Protein chains: 2
Amino acid sequence: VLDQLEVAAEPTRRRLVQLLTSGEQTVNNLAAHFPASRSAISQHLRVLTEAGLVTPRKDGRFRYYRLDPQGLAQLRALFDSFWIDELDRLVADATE
Amino acid sequence: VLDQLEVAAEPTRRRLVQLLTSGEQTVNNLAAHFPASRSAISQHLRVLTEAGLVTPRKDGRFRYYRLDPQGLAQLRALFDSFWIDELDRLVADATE
Ligand SMILES: [Mg+2]
Ligand SMILES: [Mg+2]
């Protein structure tokens, strides 16, 4: 089945999730933040919907998407179980 | 170019990164933790290498991989910039 963290981590999908934090929005309005087409953004939103991260609603000529807390909680759980302590310890070893 | 968070988030790659926290390991030894073939695991390790998350070394008949802190620091930075406050607030709205 779809893993929420794998799906969400795609960089356009990350940005779509951030954009939706300001509330439910139309496909066309979200799509205006990217060089990619409406159709491209629509397909990313369908993938996020299948993963349980966003939820669609239709009202007339607009399709709206909003974040689903249920999916976000599973996303955060997957990242928390992935990111074990030694990974934080290694990050602290990094130079720049 | 490769985004470390997108690459790392693939579920086999997440587990390979966790496994490597116990130290540098051979391809065959890592591969023994999964139903997938050596060849499959080898290819995931090549992707992680290209993303700067792991580093290869050859000694005789073994190829060894180890975590690269430089890549892990960028991975953690990408997740931290993605996961904005409102996402934590929404996770707290989730039921179960
Ligand atoms: Mg809601
Ligand atoms: Mg090292």
# chains A, B, ... in the order shown; residues from 1 in each chain; ligands from 1
>>> interface_residues(of="chain B", to="chain A", cutoff="10 Å", atoms="only C-alpha atoms", output="PyMOL selection string")
chain B and resi 3-11+14-15+17-18+20-22+67-79+81-96
>>> residues_around(residues="residue 62 in chain B", least_positions_apart="3", cutoff="7 Å", atoms="only C-alpha atoms", output="PyMOL selection string")
chain B and resi 26+58-59
>>> write_last_selection(atoms="N, CA, C and O atoms", output="short mmCIF file (atom, residue, chain, number, x, y, z; two decimals), in the first residue's frame")
data_model
loop_
_atom_site.label_atom_id
_atom_site.label_comp_id
_atom_site.auth_asym_id
_atom_site.auth_seq_id
_atom_site.Cartn_x
_atom_site.Cartn_y
_atom_site.Cartn_z
N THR B 26 28.69 -4.64 4.64
CA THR B 26 28.73 -5.07 3.27
C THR B 26 27.38 -5.11 2.66
O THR B 26 26.31 -5.22 3.31
N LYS B 58 35.77 -0.25 -1.24
CA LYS B 58 36.02 -1.65 -1.60
C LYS B 58 37.28 -2.13 -0.88
O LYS B 58 38.25 -1.38 -0.75
N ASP B 59 37.23 -3.35 -0.36
CA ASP B 59 38.40 -4.04 0.23
C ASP B 59 38.28 -5.49 -0.20
O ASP B 59 37.43 -6.22 0.29
#
>>> select_by_dssp(residues="chain B", states="helix (DSSP H, G or I)", output="VMD selection string")
chain B and resid 4 to 8 11 to 22 27 to 31 38 to 50 69 to 82 85 to 93
>>> atom_distance(atom1="CA of residue 52 in chain B", atom2="CA of residue 27 in chain B")
17.1 Å
>>> residues_around(residues="residue 49 in chain B", least_positions_apart="6", cutoff="9 Å", atoms="only C-alpha atoms", output="list in words")
residues 55, 56, 65 and 68 of chain B
>>> write_last_selection(atoms="N, CA and C atoms", output="PDB file, in the first residue's frame")
ATOM      1  N   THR B  55      28.370   6.175   1.620  1.00  0.00           N
ATOM      2  CA  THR B  55      29.681   6.263   0.969  1.00  0.00           C
ATOM      3  C   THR B  55      30.187   4.831   0.814  1.00  0.00           C
ATOM      4  N   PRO B  56      30.666   4.478  -0.377  1.00  0.00           N
ATOM      5  CA  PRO B  56      31.163   3.110  -0.625  1.00  0.00           C
ATOM      6  C   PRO B  56      32.682   3.011  -0.410  1.00  0.00           C
ATOM      7  N   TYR B  65      29.452  -0.157   2.721  1.00  0.00           N
ATOM      8  CA  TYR B  65      28.760   1.144   2.732  1.00  0.00           C
ATOM      9  C   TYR B  65      28.691   1.659   4.147  1.00  0.00           C
ATOM     10  N   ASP B  68      26.969   8.845   5.569  1.00  0.00           N
ATOM     11  CA  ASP B  68      27.719  10.084   5.448  1.00  0.00           C
ATOM     12  C   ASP B  68      27.011  11.186   6.261  1.00  0.00           C
TER      13      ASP B  68
END
>>> atom_distance(atom1="CA of residue 19 in chain A", atom2="CA of residue 42 in chain A")
14.2 Å
>>> select_by_dssp(residues="chain A", states="strand (DSSP E or B)", output="PyMOL selection string")
chain A and resi 25-26+54-59+62-67
>>> write_last_selection(atoms="N, CA, C and O atoms", output="PDB file, in the first residue's frame")
ATOM      1  N   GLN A  25      -7.983  24.792  -0.352  1.00  0.00           N
ATOM      2  CA  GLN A  25      -7.719  25.545  -1.602  1.00  0.00           C
ATOM      3  C   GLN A  25      -8.039  24.803  -2.868  1.00  0.00           C
ATOM      4  O   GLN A  25      -8.079  23.559  -2.878  1.00  0.00           O
ATOM      5  N   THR A  26      -8.276  25.553  -3.961  1.00  0.00           N
ATOM      6  CA  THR A  26      -8.570  24.927  -5.222  1.00  0.00           C
ATOM      7  C   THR A  26      -7.349  24.446  -5.901  1.00  0.00           C
ATOM      8  O   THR A  26      -6.195  24.906  -5.693  1.00  0.00           O
ATOM      9  N   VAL A  54      -4.461  14.250   2.042  1.00  0.00           N
ATOM     10  CA  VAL A  54      -5.374  15.360   1.677  1.00  0.00           C
ATOM     11  C   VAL A  54      -6.730  14.767   1.361  1.00  0.00           C
ATOM     12  O   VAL A  54      -6.857  13.553   1.129  1.00  0.00           O
ATOM     13  N   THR A  55      -7.739  15.643   1.298  1.00  0.00           N
ATOM     14  CA  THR A  55      -9.130  15.219   1.115  1.00  0.00           C
ATOM     15  C   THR A  55      -9.749  16.181   0.104  1.00  0.00           C
ATOM     16  O   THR A  55      -9.583  17.387   0.259  1.00  0.00           O
ATOM     17  N   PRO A  56     -10.441  15.648  -0.902  1.00  0.00           N
ATOM     18  CA  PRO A  56     -11.062  16.499  -1.937  1.00  0.00           C
ATOM     19  C   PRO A  56     -12.527  16.820  -1.601  1.00  0.00           C
ATOM     20  O   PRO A  56     -13.200  16.063  -0.903  1.00  0.00           O
ATOM     21  N   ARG A  57     -12.993  17.916  -2.159  1.00  0.00           N
ATOM     22  CA  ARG A  57     -14.429  18.319  -2.056  1.00  0.00           C
ATOM     23  C   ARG A  57     -14.758  19.040  -3.339  1.00  0.00           C
ATOM     24  O   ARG A  57     -13.978  19.844  -3.779  1.00  0.00           O
ATOM     25  N   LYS A  58     -15.920  18.808  -3.924  1.00  0.00           N
ATOM     26  CA  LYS A  58     -16.320  19.586  -5.096  1.00  0.00           C
ATOM     27  C   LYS A  58     -17.475  20.515  -4.713  1.00  0.00           C
ATOM     28  O   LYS A  58     -18.356  20.127  -3.943  1.00  0.00           O
ATOM     29  N   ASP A  59     -17.421  21.753  -5.199  1.00  0.00           N
ATOM     30  CA  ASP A  59     -18.519  22.733  -5.052  1.00  0.00           C
ATOM     31  C   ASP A  59     -18.568  23.477  -6.379  1.00  0.00           C
ATOM     32  O   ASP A  59     -17.694  24.286  -6.672  1.00  0.00           O
ATOM     33  N   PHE A  62     -15.385  24.160  -8.965  1.00  0.00           N
ATOM     34  CA  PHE A  62     -14.087  24.118  -8.280  1.00  0.00           C
ATOM     35  C   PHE A  62     -13.896  22.801  -7.559  1.00  0.00           C
ATOM     36  O   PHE A  62     -14.841  22.230  -7.027  1.00  0.00           O
ATOM     37  N   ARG A  63     -12.668  22.337  -7.517  1.00  0.00           N
ATOM     38  CA  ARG A  63     -12.375  21.179  -6.714  1.00  0.00           C
ATOM     39  C   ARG A  63     -11.455  21.771  -5.675  1.00  0.00           C
ATOM     40  O   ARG A  63     -10.529  22.522  -6.006  1.00  0.00           O
ATOM     41  N   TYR A  64     -11.735  21.436  -4.427  1.00  0.00           N
ATOM     42  CA  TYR A  64     -10.970  21.910  -3.278  1.00  0.00           C
ATOM     43  C   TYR A  64     -10.242  20.767  -2.596  1.00  0.00           C
ATOM     44  O   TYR A  64     -10.778  19.654  -2.515  1.00  0.00           O
ATOM     45  N   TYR A  65      -9.043  21.047  -2.104  1.00  0.00           N
ATOM     46  CA  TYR A  65      -8.273  20.069  -1.315  1.00  0.00           C
ATOM     47  C   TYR A  65      -7.937  20.666   0.027  1.00  0.00           C
ATOM     48  O   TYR A  65      -7.706  21.856   0.148  1.00  0.00           O
ATOM     49  N   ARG A  66      -7.893  19.818   1.049  1.00  0.00           N
ATOM     50  CA  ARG A  66      -7.529  20.225   2.398  1.00  0.00           C
ATOM     51  C   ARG A  66      -6.687  19.108   3.038  1.00  0.00           C
ATOM     52  O   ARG A  66      -6.808  17.935   2.676  1.00  0.00           O
ATOM     53  N   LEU A  67      -5.871  19.496   4.005  1.00  0.00           N
ATOM     54  CA  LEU A  67      -5.062  18.512   4.730  1.00  0.00           C
ATOM     55  C   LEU A  67      -5.910  17.636   5.601  1.00  0.00           C
ATOM     56  O   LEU A  67      -6.902  18.097   6.202  1.00  0.00           O
TER      57      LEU A  67
END
>>> atom_distance(atom1="CA of residue 35 in chain A", atom2="CA of residue 51 in chain B")
24.3 Å
>>> closest_residue(among="B:47, B:24, B:60, B:41", to="ligand 2", atoms="only C-alpha atoms and all ligand atoms")
B:24
>>> closest_residue(among="B:28, B:13, B:2, B:23", to="ligand 2", atoms="only C-alpha atoms and all ligand atoms")
B:23
